[PDB]
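Visitor: Mapped onto the deposited numbering, the consecutive letters of the sequence shown carry residue numbers 1 to 115, 134 to 254.
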Amino acid sequence: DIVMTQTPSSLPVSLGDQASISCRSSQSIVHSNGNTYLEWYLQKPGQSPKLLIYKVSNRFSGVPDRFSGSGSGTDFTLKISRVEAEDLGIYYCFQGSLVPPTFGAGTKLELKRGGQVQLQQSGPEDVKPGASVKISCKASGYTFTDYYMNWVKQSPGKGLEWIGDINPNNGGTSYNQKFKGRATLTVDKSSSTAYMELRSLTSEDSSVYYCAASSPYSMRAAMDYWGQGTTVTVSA
């Protein structure tokens, strides 16, 4: 099993200064075919996490060129020069190269002190120990059947985790073995919706849930979301 190590946990940098974040895997994440799928995501506190970099060094559309990072094998290094206030947030490295795709521990980018397409999600859910939940994700503004649908669990405590993915065509679900398919990804192409179910609910199961959507990143689809999210609280 592959583990992702993100360094450092937190970093202070004043405006304009260089910024560098190292992501070191357990071993080579180079895909057998000869590609390498590694992404850089930015979580702006109180918003949708969105994609910055896909496929090693390739920048996502609409992203400033001051964001650039490279690497191979294990080592991958993301640099940001000319830091502004919109560059602020907690960054995550993500490998989709080997199943299960894993995330980094995140790095809060903070400051030194001194001197239209979108996917709607269901409302927040309050639940009891073991009750189910069906989370609905409705796509708007793009071709639904084009993109795979990943799901991602987010806690302040246990960070980011990949739930599982599904192919809109054949219901091509592939689930994280930690989740053991105890959750279920379904797709109704009629209204273009991707639901998600889960039964057993513990304290640790309490989290926010996002539905991963958007591409290109050649000859594979659907990495970043890039949408609202749904707060699920397990109430004792």
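Each residue gets a CB set at the ideal place from its N, CA and C atoms; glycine is no exception.
Got a sec, what are the start and stop residues for the beta strand (DSSP E) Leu-42 sits in?
Guide: It spans 38-43 - the beta strand (DSSP E) in which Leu-42 sits, taken as one unbroken run.
Visitor: For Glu-222, which three-state DSSP category applies?
Guide: Residue state, collapsed to three classes: coil.
Visitor: Using alpha carbons as the reference points, say which of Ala-212, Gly-34, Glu-110, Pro-45 lies closest to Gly-73.
Guide: For the residues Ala-212, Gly-34, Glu-110, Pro-45, the minimum Cα distance to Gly-73 belongs to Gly-34.
Visitor: One question on the structure: do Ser-10 and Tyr-228 come within less than 9 Å of each other, judged by their Cβ atoms?
Guide: no
Visitor: Using 8 Å as the threshold, is the stretch 167-174 in touch with the stretch 139-146, meaning 3 or more CB pairs across them?
Guide: no
Visitor: Compute the Euclidean distance between the alpha carbons of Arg-113 and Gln-6, then round it to the nearest angstrom.
Guide: 24 Å
Visitor: Going by DSSP, what residues sit across from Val-145 in a beta bridge?
Guide: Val-252
Visitor: Which same chain residues, not among the five before or five after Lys-44, have their C-beta less than 6 Å away from its C-beta?
Guide: Once the five neighbours on either side are set aside, the close Cβ partners of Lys-44 are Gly-89.
Visitor: Answer with buried or exposed for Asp-87, where buried requires no fewer than 16 other C-beta atoms within 10 angstroms of its C-beta.
Guide: buried
Visitor: Let me confirm a value: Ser-232 is counted as buried when at least 16 other C-beta atoms fall within 10 Å, else exposed. Which label applies?
Guide: By the neighbour-count rule (16 or more Cβ atoms within 10 Å), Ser-232 is buried.
Visitor: Please determine, among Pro-147, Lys-152, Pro-186, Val-145, the residue with the shortest C-alpha to C-alpha distance to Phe-162.
Guide: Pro-186
Visitor: Please name the residue in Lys-176, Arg-200, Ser-20, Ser-68 whose C-alpha comes closest to that of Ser-150.
Guide: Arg-200
Visitor: May I ask which residues mark the beginning and end of the beta strand (DSSP E) holding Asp-183?
Guide: 177-184
Visitor: Any idea which residues DSSP pairs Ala-201 with across the strands?
Guide: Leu-216
Visitor: Take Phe-197 and list the residues in its own chain whose beta-carbon comes closer than 7 Å to its own, dropping the five residues that flank it on each side.
Guide: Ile-181, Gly-182
Visitor: For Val-83 and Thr-107, what's the separation of their Cα atoms in angstroms?
Guide: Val-83 and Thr-107: Cα-Cα distance of roughly 15 Å.
Visitor: Return the CA-CA distance between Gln-134 and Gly-159, expressed in angstroms with no decimal places.
Guide: 6 Å
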